[PDB]
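Backbone-built Cβ (ideal geometry, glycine too); neighbour counts: all protein chains shown. Computed from the coordinates by the stated procedures, all read-outs in this text should not be read as laboratory data.
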Amino acid sequence: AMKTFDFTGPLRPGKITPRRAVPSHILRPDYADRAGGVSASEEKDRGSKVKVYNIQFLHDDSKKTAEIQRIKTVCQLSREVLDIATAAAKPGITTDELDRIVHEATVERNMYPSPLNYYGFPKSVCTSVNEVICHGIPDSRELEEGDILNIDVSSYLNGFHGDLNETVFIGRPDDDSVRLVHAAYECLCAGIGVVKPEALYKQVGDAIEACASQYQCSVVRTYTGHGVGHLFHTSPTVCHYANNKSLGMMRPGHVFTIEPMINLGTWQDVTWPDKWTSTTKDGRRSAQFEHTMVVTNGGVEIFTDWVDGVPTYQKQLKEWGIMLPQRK
Amino acid sequence: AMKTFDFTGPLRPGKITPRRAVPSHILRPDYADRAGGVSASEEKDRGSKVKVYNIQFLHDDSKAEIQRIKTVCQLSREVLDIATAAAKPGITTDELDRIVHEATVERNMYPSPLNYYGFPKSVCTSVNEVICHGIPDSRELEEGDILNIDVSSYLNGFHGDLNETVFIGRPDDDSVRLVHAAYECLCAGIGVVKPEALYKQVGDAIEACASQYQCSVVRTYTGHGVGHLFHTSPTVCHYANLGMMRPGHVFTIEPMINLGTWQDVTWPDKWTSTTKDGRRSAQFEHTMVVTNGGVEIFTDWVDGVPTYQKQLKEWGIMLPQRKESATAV
Ligand SMILES: [Zn+2]
Ligand SMILES: [Zn+2]
Ligand SMILES: [Zn+2]
Ligand SMILES: [Zn+2]
């Protein structure tokens, strides 16, 4: 049957061009070369218990071959890639041009861009504009003054993935977009604040939703954080909303992302005919930030921090002298 | 991010076998070998006016575009018949995919669904609460199930498109009224097709007929133009309330009818659509042309008896009658 779809906001898809080639010498994850992009290892793993990584050498960065250190390495390299991409994002630049830059910076580092052909995703990075919640496909649309853009980078290197994302302003933002982007970052911080040994995974969402409500925003329910490591998506499932069904306790050596998607209107999402792009059902803007982290002996260590710990959108607001919105 | 999904009924995806190859000599549509299965012809066409085909040679089985369409439609009926014959309890939908693929290649045609926008199989096998676009999998068909097989074939530059729902083992009362309502809805829709009729009147008839069996109509998925392209204009909505029919318009009417709510959700595989409430869904489809005088379907059964009816008569099961806007006291 033929599918019909009505758009819920002003955004429309641009043209999508072919996916970029990865140099021969770069090692591929198992879904890279398969038509349809199914990951056999993920299909095999799904449902199984959360992995406990060995963190014996978490704090000896000379131990480069340790699983947890390979995760740290690919995460730090992915931060280099994401900072290149955000620096290039400006009014008049297409998201496909950002895909060129992320793809080339990733392969320059001898890494494979994880999104590329992942279950058939057709580009090397997700670029999500305005009402797009997540999984926007890089296309020929020029970014416009006043837009917000999330770039979600993930890379695969020596058998391990790293994953991170952030939202930045494209030109000077309006008040609602400032409130939304800051709310999304505060929500990431609220979630991470829960992380420590013996915390319950379900508490992450209680904390995020509490924070979101203080900025009059809602929390996306369909999409979640995830374990990441040898696999791109694995357990645990990390729900971002309150009173959720998440089972399980955090333990030292658990590796996962927290990546809340926060909306100015209702929490509900819809999917574009491309089968990937998710937007808000009411067409209002959505923003997201993401870190990969490990539960440590005493707390939590993020591997995907900004170089000075200051998020790029805050640097933009400080440059413009625009104030951070206050909680209610 | 990671996507979560709550299954709405009892069905679950099975394992999905590797992708089948098509013999070297068979002609392929543009999307066949392309990563992601995009079709450039469909992309270039989107928005353009409905194509009027030349019907001068419509009944000249010796003389052509309309006849190429008729041919692939008739051969596609054969394939669907071979496929419905094989559909028994214990048989897997992947086994059926094998049979359709082989039967289609056997006739030197390309199976249209294969790699269509990345669809992994050569045929859609939709079971029970699945509205459409079911992917053939490891699951064995079970006693009491209903199965829709949706066949589309590509041959000499044209697609033909048809589907029907059959029973797997002996059907309960509810599946009986559903499958029959779905078929009756197709007839109701076909019964509006003639020159100068409005495309919108199709859903008027379908929904009216659907009500009479205590059934709702799927709003998200529609009939479509078919021919050079797999999906093209017109868009043919199946529910109540743009364009007018004209001789030489070739399209499908393919009402998807549900026992519960009209609403649909989509599985993580990105294709399989089930009802939101998990209740059962059923569908029938013909390809047709608007003739000089009315309509003509190219995908009819060999004798015009729907396979599900033959199954019912052979099992001796009564056809549920319709039911009853106005009252007087
Ligand atoms: Zn169709
Ligand atoms: Zn990510
Ligand atoms: Zn992630
Ligand atoms: Zn069909």
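Can you list the HN-Hα couplings for region A:298-307, worked out from phi with the Karplus curve (6.51, -1.76, 1.60; θ = phi - 60°), rounded to whole Hz and with x for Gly and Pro?
x, x, 9, 10, 7, 9, 10, 4, 5, 4
Where the only charges are on Cβ atoms (+1 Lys, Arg; -1 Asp, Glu), what is the dipole of region B:208-329 about its Cα centre, to the nearest 20 debye? All intermediate terms of the calculation are to be shown ahead of the outcome.
Working: 10 positive and 10 negative charges, 61 e Å.
Using Cβ point charges on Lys, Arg, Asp and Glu, region B:208-329 gives about 300 debye.
Which cross-chain or sequence-distant (5 or more) residues have an amide H under 5 Å from the amide H of B:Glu285, H modelled 1.01 Å from N in plane?
Placed amide hydrogens put B:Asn163, B:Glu164 under 5 Å from B:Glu285.
Can you give the Rg and Dmax of the protein assembly as shown based on its C-alpha atoms, in angstrom?
Rg, Dmax (Cα atoms, Å): 26.7, 91.
What does the net charge come to around A:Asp83 if you take all other residues with beta carbon closer than 12 Å to its beta carbon, with K and R at +1 and D and E at -1? Don't skip to the answer; put the middle values down first.
On the way: positive: A:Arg79, A:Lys315; negative: A:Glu80, A:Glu166, A:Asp305, A:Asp308.
Neighbourhood net charge equals -2.
Just check region B:56-174 against the gyration tensor rule for me: Cα atoms, a ≥ b ≥ c as the square roots of the eigenvalues, rounded for a/c under 1.5, and otherwise prolate or oblate depending on whether a/b exceeds b/c. Please report the intermediate quantities before stating the final value.
Working: a/c = 2.36, a/b = 1.83, b/c = 1.29.
Prolate, because a/c is 1.5 or more and a/b exceeds b/c.
Please give the net charge around B:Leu319, taking every other residue with its beta carbon less than 11 angstrom from that of B:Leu319, where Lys and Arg add +1 and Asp and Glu add -1.
Neighbourhood net charge equals +2.
Treating only the Cβ of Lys, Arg, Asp and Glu as charged (+1, +1, -1, -1), what charge dipole size does region B:64-315 show about its Cα centre? Round to the nearest 20 debye.
Values: 20 positive and 33 negative charges, 123 e Å.
Here the size comes out at about 600 debye.
Using a 10 Å cut-off around each Cβ, can you sort A:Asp174, B:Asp300 from fewest to most neighbouring Cβ atoms?
Values: A:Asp174 12, B:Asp300 16.
Ascending Cβ contact count within 10 Å gives the list A:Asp174, B:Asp300.
Rank the residues A:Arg19, A:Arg12 as a footprinting-exposure proxy: fewest other Cβ atoms within 10 Å of their Cβ go first. Mind dumping the intermediate values first?
Details: A:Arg19 19, A:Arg12 9.
Lowest count first: A:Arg12, A:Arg19.
Find out how many positive minus negative residues lie around B:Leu186, taking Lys and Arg as positive, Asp and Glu as negative, among other residues whose Cβ is under 11 Å from that of B:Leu186. Can you show the working numbers first?
Working: positive: none; negative: B:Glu164, B:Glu184, B:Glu254, B:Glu285.
Every neighbour counted, the sum reads -4.
Pick out which of A:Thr292, A:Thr106, A:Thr17 has the largest mean-square fluctuation in a Gaussian network model of chain A, springs linking Cα atoms closer than 10 Å.
A:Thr17
Which is farthest toward the positive dipole end of chain A among A:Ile148, A:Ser24, A:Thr312, measuring Cα position about the Cα centre, with Cβ charges +1 (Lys, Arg) and -1 (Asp, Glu)?
Comparing the listed Cα positions along the dipole, A:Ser24 ranks first.
Averaging over all projection directions, find the projected area of the Cα convex hull of region B:64-315 and quote it in nm² with one decimal place.
Numbers: hull surface 49.3 nm².
Taking the Cα atoms of region B:64-315, their convex hull projects to 12.3 nm² on average.
Output wanted: per-residue J couplings in Hz (rounded whole) for region B:49-59, from phi through Karplus 6.51 cos²θ - 1.76 cosθ + 1.60, θ = phi - 60°, x for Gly and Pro.
So the Karplus estimates, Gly and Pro as x, are 5, 3, 6, 8, 7, 7, 9, 3, 9, 4, 9 Hz.
Tell me which of A:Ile133, B:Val130, A:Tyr53 sits at the most positive position along the dipole axis of the protein assembly as shown, charges placed on C-beta atoms (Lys, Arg +1; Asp, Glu -1).
A:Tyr53
Of A:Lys64, A:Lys90, A:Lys281, which is the most mobile in a GNM of chain A whose springs link Cα atoms less than 10 angstrom apart?
Taking springs between Cα atoms under 10 Å, the residue moving most is A:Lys64.
Would you compute, from DSSP H runs of 4+ residues alone, the mean residue ellipticity of the protein assembly as shown at 222 nm, taking -39500 (n - 2.57) per run and dividing by the full residue count, rounded to the nearest 500?
Details: 12 runs with 162 residues, N = 657.
Helix contribution divided over all residues of the protein assembly as shown: -8000 deg cm²/dmol.
List every residue whose amide H lies under 5 Å from the amide H of B:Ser153, counting only residues 5 or more places away in sequence or on a different chain, with H placed 1.01 Å from N in the peptide plane.
When sequence neighbours closer than 5 places are left aside, the close amide H contacts are B:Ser112, B:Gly160.
With +1 on each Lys and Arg Cβ and -1 on each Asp and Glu Cβ, how big is the dipole of the protein assembly as shown about its Cα centre, in debye rounded to the nearest 20?
Values: 70 positive and 83 negative charges, 77 e Å.
Roughly 380 debye, rounded to the nearest 20.
Once you've got the Cα coordinates, tell me which of A:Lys90/A:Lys318; B:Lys51/B:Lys121; A:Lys202/B:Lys3 are over 19 Å apart.
Values: A:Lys90/A:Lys318 17 Å; B:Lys51/B:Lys121 29 Å; A:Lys202/B:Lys3 17 Å.
From A:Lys90/A:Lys318; B:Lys51/B:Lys121; A:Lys202/B:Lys3, over 19 Å: B:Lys51/B:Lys121.
In what sequence do B:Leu27, A:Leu143 fall when counting other Cβ within 10 Å, fewest first? The partial results should precede the final answer.
Numbers: B:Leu27 13, A:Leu143 22.
Neighbour counts put them in this order, fewest first: B:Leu27, A:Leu143.
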